[PDB]
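Shown next: query03.txt, containing compact mmCIF, C-alpha atoms and all ligand atoms.
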```txt
# COMPACT_ATOMS: atom_id res chain seq x y z
CA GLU A 35 16.41 -44.45 -4.30
CA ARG A 36 16.88 -46.46 -7.48
CA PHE A 37 13.24 -45.79 -8.38
CA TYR A 38 13.72 -42.02 -8.26
CA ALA A 39 17.19 -42.11 -9.82
CA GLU A 40 16.45 -44.55 -12.65
CA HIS A 41 12.67 -44.38 -13.28
CA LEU A 42 10.82 -41.45 -11.68
CA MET A 43 13.22 -38.51 -12.05
CA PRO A 44 14.35 -39.32 -15.62
CA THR A 45 10.71 -39.59 -16.73
CA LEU A 46 9.51 -36.30 -15.25
CA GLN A 47 12.66 -34.78 -16.74
CA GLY A 48 11.25 -35.45 -20.22
CA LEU A 49 7.99 -33.57 -19.72
CA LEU A 50 9.06 -30.33 -18.02
CA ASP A 51 11.57 -27.64 -18.71
CA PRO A 52 13.97 -27.19 -15.79
CA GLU A 53 12.37 -24.04 -14.35
CA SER A 54 8.90 -25.60 -14.47
CA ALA A 55 10.35 -28.64 -12.72
CA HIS A 56 11.88 -26.34 -10.10
CA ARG A 57 8.57 -24.59 -9.51
CA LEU A 58 6.72 -27.90 -9.17
CA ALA A 59 9.38 -29.32 -6.86
CA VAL A 60 9.05 -26.33 -4.55
CA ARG A 61 5.27 -26.64 -4.55
CA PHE A 62 5.36 -30.38 -3.84
CA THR A 63 7.95 -29.91 -1.12
CA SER A 64 6.00 -27.10 0.53
CA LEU A 65 2.91 -29.30 0.61
CA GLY A 66 4.89 -32.07 2.28
CA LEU A 67 3.99 -34.31 -0.68
CA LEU A 68 7.10 -36.40 -0.09
CA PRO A 69 7.61 -39.41 2.19
CA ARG A 70 9.06 -38.32 5.52
CA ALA A 71 12.71 -39.33 5.24
CA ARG A 72 13.30 -42.71 6.87
CA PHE A 73 16.99 -42.28 7.78
CA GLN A 74 17.25 -41.54 11.51
CA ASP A 75 20.36 -39.45 12.10
CA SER A 76 23.23 -41.11 13.95
CA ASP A 77 25.00 -39.24 16.75
CA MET A 78 28.10 -39.52 14.55
CA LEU A 79 26.58 -36.97 12.20
CA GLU A 80 25.92 -34.24 14.75
CA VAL A 81 28.05 -31.11 14.37
CA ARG A 82 28.23 -28.13 16.72
CA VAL A 83 29.28 -25.02 14.81
CA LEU A 84 28.15 -21.41 14.18
CA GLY A 85 26.59 -21.35 17.65
CA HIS A 86 24.20 -24.21 16.87
CA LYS A 87 23.76 -27.96 16.92
CA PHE A 88 23.24 -29.50 13.49
CA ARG A 89 21.64 -32.93 13.71
CA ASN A 90 23.36 -33.90 10.47
CA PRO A 91 25.78 -31.95 8.27
CA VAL A 92 23.85 -32.14 4.98
CA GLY A 93 21.99 -28.96 4.11
CA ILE A 94 20.00 -27.71 1.17
CA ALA A 95 21.93 -24.96 -0.55
CA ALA A 96 20.48 -21.57 -1.43
CA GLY A 97 18.56 -21.22 -4.66
CA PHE A 98 16.16 -24.12 -4.24
CA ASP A 99 13.75 -22.34 -1.87
CA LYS A 100 14.55 -18.78 -2.89
CA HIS A 101 11.50 -17.29 -1.19
CA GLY A 102 11.15 -19.34 1.99
CA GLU A 103 8.15 -21.37 0.84
CA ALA A 104 9.29 -24.93 1.50
CA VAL A 105 11.40 -24.87 4.66
CA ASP A 106 9.42 -27.43 6.63
CA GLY A 107 9.21 -29.77 3.65
CA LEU A 108 12.98 -29.57 3.30
CA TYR A 109 13.51 -30.63 6.90
CA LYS A 110 11.05 -33.46 6.26
CA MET A 111 13.34 -34.57 3.43
CA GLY A 112 16.11 -35.11 6.01
CA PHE A 113 18.28 -32.04 5.57
CA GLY A 114 20.11 -31.10 8.76
CA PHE A 115 19.75 -27.42 7.91
CA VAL A 116 17.98 -25.31 5.33
CA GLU A 117 19.23 -22.18 3.58
CA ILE A 118 16.66 -20.04 1.83
CA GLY A 119 17.30 -17.26 -0.65
CA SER A 120 18.87 -15.42 -2.15
CA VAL A 121 16.39 -12.75 -1.08
CA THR A 122 16.69 -9.23 -2.47
CA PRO A 123 15.41 -6.11 -0.71
CA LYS A 124 12.70 -5.30 -3.18
CA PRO A 125 10.90 -7.91 -5.26
CA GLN A 126 12.43 -8.45 -8.66
CA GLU A 127 11.68 -10.77 -11.55
CA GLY A 128 15.19 -11.89 -12.47
CA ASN A 129 16.40 -12.58 -15.97
CA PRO A 130 14.17 -13.45 -18.94
CA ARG A 131 13.26 -17.09 -19.58
CA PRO A 132 14.72 -19.52 -20.41
CA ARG A 133 17.24 -19.09 -17.64
CA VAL A 134 17.86 -22.61 -16.34
CA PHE A 135 19.36 -25.44 -18.36
CA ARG A 136 20.03 -29.10 -17.64
CA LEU A 137 23.20 -30.87 -18.79
CA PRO A 138 22.21 -34.47 -18.10
CA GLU A 139 25.33 -35.99 -19.64
CA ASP A 140 27.36 -34.00 -17.11
CA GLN A 141 25.01 -34.31 -14.14
CA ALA A 142 25.12 -30.53 -14.18
CA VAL A 143 22.89 -27.48 -14.44
CA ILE A 144 23.54 -23.98 -15.75
CA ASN A 145 21.40 -21.22 -14.33
CA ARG A 146 21.09 -17.51 -14.87
CA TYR A 147 18.03 -16.81 -12.73
CA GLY A 148 19.33 -13.37 -11.82
CA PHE A 149 18.08 -13.26 -8.23
CA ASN A 150 14.41 -13.61 -8.91
CA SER A 151 13.01 -12.79 -5.49
CA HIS A 152 9.74 -12.13 -3.75
CA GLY A 153 11.71 -9.57 -1.73
CA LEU A 154 12.46 -9.10 1.94
CA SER A 155 8.96 -8.11 3.11
CA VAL A 156 7.23 -11.17 1.65
CA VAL A 157 9.89 -13.52 2.96
CA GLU A 158 9.86 -11.79 6.36
CA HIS A 159 6.15 -12.42 6.71
CA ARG A 160 6.52 -16.01 5.55
CA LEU A 161 9.23 -16.70 8.13
CA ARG A 162 7.31 -14.86 10.85
CA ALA A 163 4.36 -17.19 10.31
CA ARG A 164 6.54 -20.11 11.47
CA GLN A 165 9.06 -18.28 13.66
CA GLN A 166 8.40 -20.22 16.86
CA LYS A 167 8.21 -23.50 14.98
CA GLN A 168 11.66 -22.65 13.63
CA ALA A 169 12.94 -21.78 17.09
CA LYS A 170 11.97 -25.28 18.20
CA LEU A 171 13.51 -26.84 15.08
CA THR A 172 16.73 -24.93 15.68
CA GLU A 173 16.81 -26.04 19.31
CA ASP A 174 16.28 -29.61 18.04
CA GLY A 175 19.33 -29.32 15.80
CA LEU A 176 17.75 -28.08 12.55
CA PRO A 177 18.96 -24.52 11.93
CA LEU A 178 17.84 -22.07 9.28
CA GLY A 179 20.08 -19.94 7.09
CA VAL A 180 19.00 -16.95 5.00
CA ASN A 181 21.00 -15.90 1.98
CA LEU A 182 20.81 -12.18 1.25
CA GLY A 183 21.12 -10.72 -2.23
CA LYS A 184 21.00 -7.28 -3.75
CA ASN A 185 18.66 -5.76 -6.28
CA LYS A 186 19.79 -5.38 -9.87
CA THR A 187 19.25 -1.61 -9.78
CA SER A 188 20.80 -0.97 -6.36
CA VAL A 189 23.18 1.99 -6.14
CA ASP A 190 24.58 0.91 -2.75
CA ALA A 191 25.19 -2.83 -2.43
CA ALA A 192 26.15 -2.54 1.21
CA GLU A 193 22.82 -0.91 2.01
CA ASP A 194 20.95 -3.74 0.29
CA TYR A 195 22.77 -6.29 2.43
CA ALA A 196 22.27 -4.13 5.54
CA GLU A 197 18.53 -4.03 4.86
CA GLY A 198 18.55 -7.79 4.58
CA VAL A 199 20.37 -8.11 7.90
CA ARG A 200 17.83 -5.86 9.58
CA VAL A 201 14.76 -7.54 8.09
CA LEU A 202 15.66 -11.24 8.04
CA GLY A 203 18.55 -11.34 10.48
CA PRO A 204 16.11 -11.64 13.38
CA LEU A 205 14.55 -14.72 11.78
CA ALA A 206 17.75 -16.56 10.83
CA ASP A 207 20.29 -18.69 12.61
CA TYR A 208 22.83 -17.57 10.04
CA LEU A 209 22.92 -15.04 7.25
CA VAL A 210 24.88 -15.32 4.03
CA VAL A 211 26.34 -12.62 1.79
CA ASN A 212 27.71 -13.68 -1.61
CA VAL A 213 30.98 -11.98 -2.58
CA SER A 214 29.36 -14.64 -5.68
CA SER A 215 26.39 -15.07 -7.95
CA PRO A 216 27.54 -15.06 -11.59
CA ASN A 217 24.27 -13.41 -12.67
CA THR A 218 24.16 -9.88 -11.26
CA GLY A 226 38.86 -3.87 -3.93
CA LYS A 227 39.77 -5.51 -0.64
CA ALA A 228 39.06 -2.29 1.27
CA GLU A 229 35.63 -2.26 -0.37
CA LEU A 230 34.95 -5.84 0.74
CA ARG A 231 36.09 -4.80 4.22
CA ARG A 232 33.74 -1.81 4.08
CA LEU A 233 30.78 -3.93 3.01
CA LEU A 234 31.33 -6.63 5.61
CA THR A 235 31.99 -4.07 8.34
CA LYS A 236 28.58 -2.56 7.64
CA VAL A 237 26.93 -5.99 7.58
CA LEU A 238 28.49 -7.03 10.89
CA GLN A 239 27.62 -3.70 12.53
CA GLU A 240 23.99 -4.18 11.54
CA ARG A 241 24.02 -7.76 12.82
CA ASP A 242 25.62 -6.70 16.10
CA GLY A 243 22.79 -4.19 16.52
CA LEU A 244 20.16 -6.90 16.71
CA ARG A 245 18.95 -8.14 20.08
CA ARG A 246 20.89 -11.14 21.34
CA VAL A 247 18.31 -13.88 20.70
CA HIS A 248 17.85 -12.44 17.20
CA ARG A 249 21.54 -12.11 16.34
CA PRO A 250 22.57 -14.52 13.56
CA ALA A 251 25.94 -15.73 12.49
CA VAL A 252 27.21 -14.07 9.31
CA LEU A 253 28.88 -16.05 6.54
CA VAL A 254 30.39 -15.00 3.22
CA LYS A 255 29.65 -17.18 0.20
CA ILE A 256 32.27 -17.21 -2.51
CA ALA A 257 32.53 -18.43 -6.01
CA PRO A 258 35.10 -20.97 -7.15
CA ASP A 259 36.35 -18.55 -9.78
CA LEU A 260 38.36 -16.27 -7.52
CA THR A 261 41.98 -15.52 -8.14
CA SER A 262 44.57 -16.54 -5.57
CA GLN A 263 44.76 -12.84 -4.65
CA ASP A 264 41.00 -12.66 -4.14
CA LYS A 265 41.07 -15.70 -1.87
CA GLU A 266 43.99 -14.33 0.17
CA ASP A 267 42.17 -11.02 0.53
CA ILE A 268 38.87 -12.64 1.54
CA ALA A 269 40.60 -14.80 4.12
CA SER A 270 42.36 -11.77 5.55
CA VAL A 271 39.19 -9.68 5.77
CA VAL A 272 37.19 -12.54 7.25
CA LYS A 273 39.77 -13.02 10.01
CA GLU A 274 40.18 -9.28 10.59
CA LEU A 275 36.47 -8.65 10.99
CA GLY A 276 35.45 -11.84 12.77
CA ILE A 277 33.16 -13.14 10.04
CA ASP A 278 31.58 -16.28 11.41
CA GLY A 279 32.09 -18.59 8.45
CA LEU A 280 32.42 -19.13 4.72
CA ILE A 281 30.22 -20.92 2.21
CA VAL A 282 32.42 -22.45 -0.44
CA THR A 283 31.23 -22.45 -3.25
CA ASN A 284 28.63 -20.87 -5.45
CA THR A 285 28.34 -21.96 -9.06
CA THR A 286 31.15 -21.48 -11.53
CA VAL A 287 31.27 -19.25 -14.59
CA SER A 288 34.07 -21.43 -15.85
CA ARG A 289 33.35 -24.30 -18.22
CA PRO A 290 35.65 -27.16 -17.28
CA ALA A 291 37.03 -29.06 -20.21
CA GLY A 292 34.99 -32.16 -21.02
CA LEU A 293 31.41 -30.93 -20.62
CA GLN A 294 29.20 -32.84 -23.00
CA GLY A 295 25.79 -31.26 -22.56
CA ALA A 296 24.47 -29.51 -25.63
CA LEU A 297 23.76 -26.46 -23.45
CA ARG A 298 27.28 -26.15 -22.01
CA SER A 299 27.83 -22.72 -23.61
CA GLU A 300 24.75 -21.09 -22.10
CA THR A 301 25.59 -18.12 -19.92
CA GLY A 302 25.28 -18.65 -16.20
CA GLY A 303 26.57 -20.53 -13.22
CA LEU A 304 27.40 -24.19 -13.61
CA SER A 305 26.57 -26.55 -10.76
CA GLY A 306 26.67 -30.26 -10.12
CA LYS A 307 29.35 -32.79 -10.78
CA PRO A 308 31.71 -30.66 -12.93
CA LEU A 309 31.92 -28.17 -10.07
CA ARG A 310 32.62 -30.75 -7.38
CA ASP A 311 36.37 -30.82 -7.18
CA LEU A 312 36.84 -27.14 -7.99
CA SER A 313 34.69 -26.51 -4.92
CA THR A 314 36.57 -29.02 -2.77
CA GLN A 315 39.87 -27.41 -3.72
CA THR A 316 38.49 -23.97 -2.85
CA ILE A 317 37.44 -25.31 0.56
CA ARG A 318 40.93 -26.69 1.04
CA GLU A 319 42.53 -23.35 0.21
CA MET A 320 40.17 -21.27 2.33
CA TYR A 321 40.58 -23.61 5.30
CA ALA A 322 44.33 -23.26 5.09
CA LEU A 323 44.23 -19.48 4.60
CA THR A 324 42.04 -19.16 7.71
CA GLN A 325 44.14 -21.62 9.76
CA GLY A 326 41.11 -23.85 10.21
CA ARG A 327 39.59 -21.29 12.59
CA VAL A 328 36.70 -20.20 10.33
CA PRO A 329 33.85 -22.68 9.81
CA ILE A 330 33.23 -23.59 6.19
CA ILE A 331 30.04 -24.89 4.66
CA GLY A 332 31.20 -26.88 1.65
CA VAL A 333 29.02 -26.99 -1.42
CA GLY A 334 29.35 -27.93 -5.07
CA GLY A 335 28.71 -31.24 -6.74
CA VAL A 336 27.88 -33.30 -3.66
CA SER A 337 25.88 -36.39 -4.58
CA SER A 338 27.35 -39.13 -2.35
CA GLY A 339 28.86 -39.78 1.03
CA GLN A 340 32.30 -39.76 -0.54
CA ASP A 341 31.68 -36.33 -2.02
CA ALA A 342 30.55 -35.06 1.38
CA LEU A 343 33.47 -36.59 3.24
CA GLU A 344 35.96 -35.20 0.74
CA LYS A 345 34.70 -31.70 1.50
CA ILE A 346 34.66 -32.33 5.26
CA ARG A 347 38.23 -33.67 5.20
CA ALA A 348 39.22 -30.65 3.11
CA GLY A 349 37.92 -28.34 5.81
CA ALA A 350 34.12 -28.16 5.69
CA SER A 351 32.21 -28.43 8.96
CA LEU A 352 28.92 -28.82 7.06
CA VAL A 353 28.02 -29.48 3.43
CA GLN A 354 25.16 -28.50 1.19
CA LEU A 355 23.78 -29.94 -1.99
CA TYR A 356 21.26 -28.80 -4.55
CA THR A 357 21.84 -30.02 -8.08
CA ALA A 358 22.04 -33.69 -7.07
CA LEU A 359 18.63 -33.42 -5.39
CA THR A 360 17.22 -32.25 -8.69
CA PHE A 361 18.59 -35.25 -10.60
CA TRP A 362 18.11 -38.01 -8.01
CA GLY A 363 15.25 -36.64 -5.92
CA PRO A 364 14.75 -36.73 -2.19
CA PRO A 365 16.31 -40.17 -1.67
CA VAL A 366 19.74 -38.66 -2.34
CA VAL A 367 19.67 -36.94 1.06
CA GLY A 368 19.44 -40.16 3.05
CA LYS A 369 21.91 -41.79 0.67
CA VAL A 370 24.54 -39.13 1.30
CA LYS A 371 24.00 -39.34 5.05
CA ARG A 372 24.12 -43.16 5.14
CA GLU A 373 27.21 -43.30 2.94
CA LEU A 374 28.94 -40.60 4.98
CA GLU A 375 28.30 -42.45 8.23
CA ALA A 376 29.69 -45.64 6.70
CA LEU A 377 32.80 -43.93 5.35
CA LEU A 378 33.48 -42.20 8.67
CA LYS A 379 33.40 -45.59 10.37
CA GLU A 380 35.57 -47.17 7.67
CA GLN A 381 38.18 -44.42 7.94
CA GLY A 382 38.40 -44.49 11.74
CA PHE A 383 36.59 -41.26 12.58
CA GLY A 384 34.41 -41.09 15.66
CA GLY A 385 32.07 -38.68 13.92
CA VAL A 386 31.90 -35.83 11.44
CA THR A 387 33.65 -33.51 13.88
CA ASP A 388 36.82 -35.63 13.96
CA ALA A 389 37.04 -35.57 10.16
CA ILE A 390 36.77 -31.80 9.68
CA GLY A 391 40.01 -30.68 8.07
CA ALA A 392 41.62 -34.09 8.53
CA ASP A 393 43.47 -33.86 5.22
CA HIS A 394 45.47 -30.91 6.54
CA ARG A 395 46.82 -32.94 9.45
CA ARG A 396 48.24 -35.70 7.20
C1 LIG B 1 19.11 -23.17 -10.07
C2 LIG B 1 20.11 -22.69 -9.06
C3 LIG B 1 19.83 -21.52 -8.39
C4 LIG B 1 20.70 -21.04 -7.41
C5 LIG B 1 21.86 -21.74 -7.12
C6 LIG B 1 22.12 -22.91 -7.79
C7 LIG B 1 21.24 -23.37 -8.77
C8 LIG B 1 21.59 -24.64 -9.45
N1 LIG B 1 22.77 -21.27 -6.16
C9 LIG B 1 24.03 -22.00 -5.88
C10 LIG B 1 23.90 -23.16 -4.94
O1 LIG B 1 23.56 -22.63 -3.68
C11 LIG B 1 25.24 -23.89 -4.82
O2 LIG B 1 26.15 -22.97 -4.30
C12 LIG B 1 25.72 -24.48 -6.17
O3 LIG B 1 24.63 -24.81 -7.02
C13 LIG B 1 26.63 -25.70 -5.95
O4 LIG B 1 25.96 -26.73 -5.29
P1 LIG B 1 25.39 -28.01 -6.16
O5 LIG B 1 26.47 -28.39 -7.16
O6 LIG B 1 24.12 -27.49 -6.84
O7 LIG B 1 25.12 -29.03 -5.09
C14 LIG B 1 22.45 -20.14 -5.48
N2 LIG B 1 23.29 -19.70 -4.53
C15 LIG B 1 23.04 -18.57 -3.82
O8 LIG B 1 23.82 -18.22 -2.96
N3 LIG B 1 21.85 -17.92 -4.06
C16 LIG B 1 20.94 -18.29 -5.02
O9 LIG B 1 19.89 -17.63 -5.15
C17 LIG B 1 21.29 -19.46 -5.76
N4 LIG B 1 20.43 -19.87 -6.76
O1 LIG B 2 16.08 -30.23 -14.39
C1 LIG B 2 16.91 -30.41 -13.49
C2 LIG B 2 17.74 -31.69 -13.52
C3 LIG B 2 16.94 -32.96 -13.85
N1 LIG B 2 15.64 -33.09 -13.19
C4 LIG B 2 14.36 -32.75 -13.66
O2 LIG B 2 14.21 -32.31 -14.80
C5 LIG B 2 13.17 -32.95 -12.80
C6 LIG B 2 11.87 -33.12 -13.31
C7 LIG B 2 10.76 -33.32 -12.49
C8 LIG B 2 10.92 -33.36 -11.10
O3 LIG B 2 9.83 -33.57 -10.30
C9 LIG B 2 9.14 -32.48 -9.93
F1 LIG B 2 8.15 -32.86 -9.06
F2 LIG B 2 8.54 -31.97 -11.01
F3 LIG B 2 9.86 -31.48 -9.36
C10 LIG B 2 12.19 -33.19 -10.56
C11 LIG B 2 13.28 -33.00 -11.41
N2 LIG B 2 17.01 -29.48 -12.50
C12 LIG B 2 16.18 -28.28 -12.39
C13 LIG B 2 16.97 -26.96 -12.59
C14 LIG B 2 17.49 -26.31 -11.33
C15 LIG B 2 16.47 -26.24 -10.19
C16 LIG B 2 15.59 -27.45 -10.06
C17 LIG B 2 14.87 -27.67 -8.87
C18 LIG B 2 14.05 -28.78 -8.71
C19 LIG B 2 13.91 -29.69 -9.74
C20 LIG B 2 14.61 -29.48 -10.91
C21 LIG B 2 15.45 -28.36 -11.10
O1 LIG B 3 19.78 -16.21 -8.90
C1 LIG B 3 20.74 -16.64 -9.54
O2 LIG B 3 20.97 -16.55 -10.75
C2 LIG B 3 21.87 -17.27 -8.79
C3 LIG B 3 22.37 -16.74 -7.67
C4 LIG B 3 23.51 -17.32 -7.06
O3 LIG B 3 24.09 -16.92 -6.05
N1 LIG B 3 24.05 -18.40 -7.70
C5 LIG B 3 23.55 -18.94 -8.85
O4 LIG B 3 24.06 -19.94 -9.38
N2 LIG B 3 22.45 -18.34 -9.40
CL CL B 4 11.75 -10.73 15.21
CL CL B 5 36.16 -40.90 1.01
```
Now, as a test, write the supplied structure out as structure tokens.
Ligand SMILES: Cc1cc2c(cc1C)N(C[C@H](O)[C@H](O)[C@H](O)COP(=O)(O)O)c1[nH]c(=O)[nH]c(=O)c1N2
Ligand SMILES: O=C(CCNC(=O)c1ccc(OC(F)(F)F)cc1)N[C@@H]1CCCc2ccccc21
Ligand SMILES: O=C(O)c1cc(=O)[nH]c(=O)[nH]1
Ligand SMILES: [Cl-]
Ligand SMILES: [Cl-]
Amino acid sequence: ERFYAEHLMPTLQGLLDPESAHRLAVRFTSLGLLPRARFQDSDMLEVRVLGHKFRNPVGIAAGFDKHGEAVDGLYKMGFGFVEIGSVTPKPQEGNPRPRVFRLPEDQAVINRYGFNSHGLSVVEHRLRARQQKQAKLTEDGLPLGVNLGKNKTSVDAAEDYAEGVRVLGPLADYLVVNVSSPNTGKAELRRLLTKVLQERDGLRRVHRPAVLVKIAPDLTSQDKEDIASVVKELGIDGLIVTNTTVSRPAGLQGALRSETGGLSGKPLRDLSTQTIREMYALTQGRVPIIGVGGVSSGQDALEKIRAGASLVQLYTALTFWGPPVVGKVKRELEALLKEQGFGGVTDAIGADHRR
């Protein structure tokens, strides 16, 4: 933990640009070249939501394993669920390089990858190669999410997402549609999600995933009200809150703070927590939320859970602190739940709203 945080990760940081580090991290993870996480998950961390058991509530957010190459290595790291993607219908290269920037002084990253994606067919075949292994993992409390994007040149965003539902829906425990990358009307949102849900409902029952909407933290109050209304009206299964921010909070120190793209990590944390809090209230606590943005400790995770998240994800912290951060978050969260009088994660979900 301290070796990765203080010695290993800062050293490798000096030699590689951030995208090269990302590529190497995916390769090492896919090869299982990481010690199998030692933390054995307490019963206190189990969460039942979205039609599944989650052995622990700490997932890897989309954008780490964009193309479904490292799923098993991510479970080995101790994540209670894995989200791959975003995956676009056709392969596409994304934006020109450089397109990922570290802000070490802020424990933040700015990225403008632009949905670089191997495309649905490649990812489909990759997931098919381990489909029954995943079924067993899911039954054992380790579900798989697939985040669906759209191609840069698409003339019909809803059809891109519908294609993703059809192709990867059958391989996913849940699907995600962003209504939120920074790098690509209410009735239109309703139209898009109606089409997505119709396609999902058309899949055979054992292949029918939950559908979540992933939002940015940069929405207006009107946008959030509208999203909550549409989600309730259509029966969307959950929300992922949040994607990266195109805002630049006051106080960023990194030299690269004015690069275009989505900001992640610590400066996003509380903006994300507050968005969770608002979306939980606007949905009357009836819509599961996966909380994400700036989680690097048990306290960060519990703040999102108490604000309304049933599950959390992290990404940027993994890239600064390495794999040990996963067990750290889980151990700290367990300890804080005990300290605060909760029987388990489930009892803490939304607890701030009942104060
Ligand atoms: C380099 C990089 C790349 C991506 C992302 C992030 C980063 C840093 N994120 C967003 C990610 O899933 C998450 O929502 C935010 O990064 C906030 O979480 P952290 O602060 O990183 O824990 C992201 N989200 C998404 O829905 N699809 C994607 O393809 C990506 N790609
Ligand atoms: O650069 C950072 C923050 C600081 N960390 C490193 O520079 C770094 C270097 C080597 C490393 O070891 C590995 F074996 F080479 F991977 C792991 C991390 N984050 C990037 C950008 C976003 C995506 C991503 C994904 C994985 C790793 C880094 C990053
Ligand atoms: O591919 C990207 O640029 C990307 C997508 C997304 O949803 N979020 C993000 O921060 N980057
Ligand atoms: Cl299938
Ligand atoms: Cl706390």
Check your understanding: atom CA of residue A:113 and atom CA of residue A:368 are how many Å apart?
Key -> 8.6 Å
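Of the listed residues (A:316, A:351, A:145, A:294), A:145 comes nearest to ligand LIG 1 (chain B); the distances count all atoms listed in the file.
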What does the list of residues within 10 Å of ligand LIG 2 (chain B) look like if you count all atoms listed in the file, written as a PDB file with C-alpha atoms, keeping the file's coordinate frame?
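Output saved as out11.pdb:
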```pdb
ATOM      1  CA  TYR A  38      13.720 -42.020  -8.260  1.00  0.00           C
ATOM      2  CA  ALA A  39      17.190 -42.110  -9.820  1.00  0.00           C
ATOM      3  CA  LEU A  42      10.820 -41.450 -11.680  1.00  0.00           C
ATOM      4  CA  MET A  43      13.220 -38.510 -12.050  1.00  0.00           C
ATOM      5  CA  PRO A  44      14.350 -39.320 -15.620  1.00  0.00           C
ATOM      6  CA  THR A  45      10.710 -39.590 -16.730  1.00  0.00           C
ATOM      7  CA  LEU A  46       9.510 -36.300 -15.250  1.00  0.00           C
ATOM      8  CA  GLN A  47      12.660 -34.780 -16.740  1.00  0.00           C
ATOM      9  CA  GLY A  48      11.250 -35.450 -20.220  1.00  0.00           C
ATOM     10  CA  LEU A  49       7.990 -33.570 -19.720  1.00  0.00           C
ATOM     11  CA  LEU A  50       9.060 -30.330 -18.020  1.00  0.00           C
ATOM     12  CA  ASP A  51      11.570 -27.640 -18.710  1.00  0.00           C
ATOM     13  CA  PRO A  52      13.970 -27.190 -15.790  1.00  0.00           C
ATOM     14  CA  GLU A  53      12.370 -24.040 -14.350  1.00  0.00           C
ATOM     15  CA  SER A  54       8.900 -25.600 -14.470  1.00  0.00           C
ATOM     16  CA  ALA A  55      10.350 -28.640 -12.720  1.00  0.00           C
ATOM     17  CA  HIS A  56      11.880 -26.340 -10.100  1.00  0.00           C
ATOM     18  CA  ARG A  57       8.570 -24.590  -9.510  1.00  0.00           C
ATOM     19  CA  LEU A  58       6.720 -27.900  -9.170  1.00  0.00           C
ATOM     20  CA  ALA A  59       9.380 -29.320  -6.860  1.00  0.00           C
ATOM     21  CA  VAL A  60       9.050 -26.330  -4.550  1.00  0.00           C
ATOM     22  CA  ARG A  61       5.270 -26.640  -4.550  1.00  0.00           C
ATOM     23  CA  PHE A  62       5.360 -30.380  -3.840  1.00  0.00           C
ATOM     24  CA  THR A  63       7.950 -29.910  -1.120  1.00  0.00           C
ATOM     25  CA  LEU A  67       3.990 -34.310  -0.680  1.00  0.00           C
ATOM     26  CA  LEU A  68       7.100 -36.400  -0.090  1.00  0.00           C
ATOM     27  CA  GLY A  97      18.560 -21.220  -4.660  1.00  0.00           C
ATOM     28  CA  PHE A  98      16.160 -24.120  -4.240  1.00  0.00           C
ATOM     29  CA  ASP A  99      13.750 -22.340  -1.870  1.00  0.00           C
ATOM     30  CA  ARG A 133      17.240 -19.090 -17.640  1.00  0.00           C
ATOM     31  CA  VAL A 134      17.860 -22.610 -16.340  1.00  0.00           C
ATOM     32  CA  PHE A 135      19.360 -25.440 -18.360  1.00  0.00           C
ATOM     33  CA  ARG A 136      20.030 -29.100 -17.640  1.00  0.00           C
ATOM     34  CA  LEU A 137      23.200 -30.870 -18.790  1.00  0.00           C
ATOM     35  CA  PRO A 138      22.210 -34.470 -18.100  1.00  0.00           C
ATOM     36  CA  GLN A 141      25.010 -34.310 -14.140  1.00  0.00           C
ATOM     37  CA  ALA A 142      25.120 -30.530 -14.180  1.00  0.00           C
ATOM     38  CA  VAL A 143      22.890 -27.480 -14.440  1.00  0.00           C
ATOM     39  CA  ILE A 144      23.540 -23.980 -15.750  1.00  0.00           C
ATOM     40  CA  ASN A 145      21.400 -21.220 -14.330  1.00  0.00           C
ATOM     41  CA  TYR A 147      18.030 -16.810 -12.730  1.00  0.00           C
ATOM     42  CA  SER A 305      26.570 -26.550 -10.760  1.00  0.00           C
ATOM     43  CA  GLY A 306      26.670 -30.260 -10.120  1.00  0.00           C
ATOM     44  CA  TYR A 356      21.260 -28.800  -4.550  1.00  0.00           C
ATOM     45  CA  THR A 357      21.840 -30.020  -8.080  1.00  0.00           C
ATOM     46  CA  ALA A 358      22.040 -33.690  -7.070  1.00  0.00           C
ATOM     47  CA  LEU A 359      18.630 -33.420  -5.390  1.00  0.00           C
ATOM     48  CA  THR A 360      17.220 -32.250  -8.690  1.00  0.00           C
ATOM     49  CA  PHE A 361      18.590 -35.250 -10.600  1.00  0.00           C
ATOM     50  CA  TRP A 362      18.110 -38.010  -8.010  1.00  0.00           C
ATOM     51  CA  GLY A 363      15.250 -36.640  -5.920  1.00  0.00           C
ATOM     52  CA  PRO A 364      14.750 -36.730  -2.190  1.00  0.00           C
TER      53      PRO A 364
END
```
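Nearest to ligand LIG 3 (chain B) of all the residues A:95, A:163, A:378, A:199 is A:95, counting only C-alpha atoms and all ligand atoms.
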Practice item. Between atom CA of residue A:280 and atom CA of residue A:249, measure the distance and give it in Å to one decimal. Key: 17.4 Å
Exercise for review: Taking (33.3, -4.2, 13.7) in the file's own coordinates, collect the residues within 12 Å, counting all atoms listed in the file, and hand them back as JSON, numbers by chain.
Suggested key: {"A": [231, 232, 233, 234, 235, 236, 237, 238, 239, 240, 241, 242, 243, 271, 272, 273, 274, 275, 276, 277]}
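Nearest to residue A:87 of all the residues A:171, A:374, A:182, A:201 is A:171, based on all atoms listed in the file.
Considering the residues A:323, A:302, A:181, A:342 and counting all atoms listed in the file, residue A:264 has its shortest atom-to-atom contact with A:323.
If you measure from each of A:116, A:287, A:202, A:71 to residue A:353 using only C-alpha atoms, the closest one turns out to be A:116.
Environment of ligand CL 5 (chain B), defined as every protein or nucleic acid residue with an atom within 12 Å of it and counting all atoms listed in the file, comprises residues 338, 339, 340, 341, 342, 343, 344, 345, 346, 347, 348, 370, 373, 374, 375, 376, 377, 378, 379, 380, 381, 382, 383, 389, 392 and 393 of chain A.
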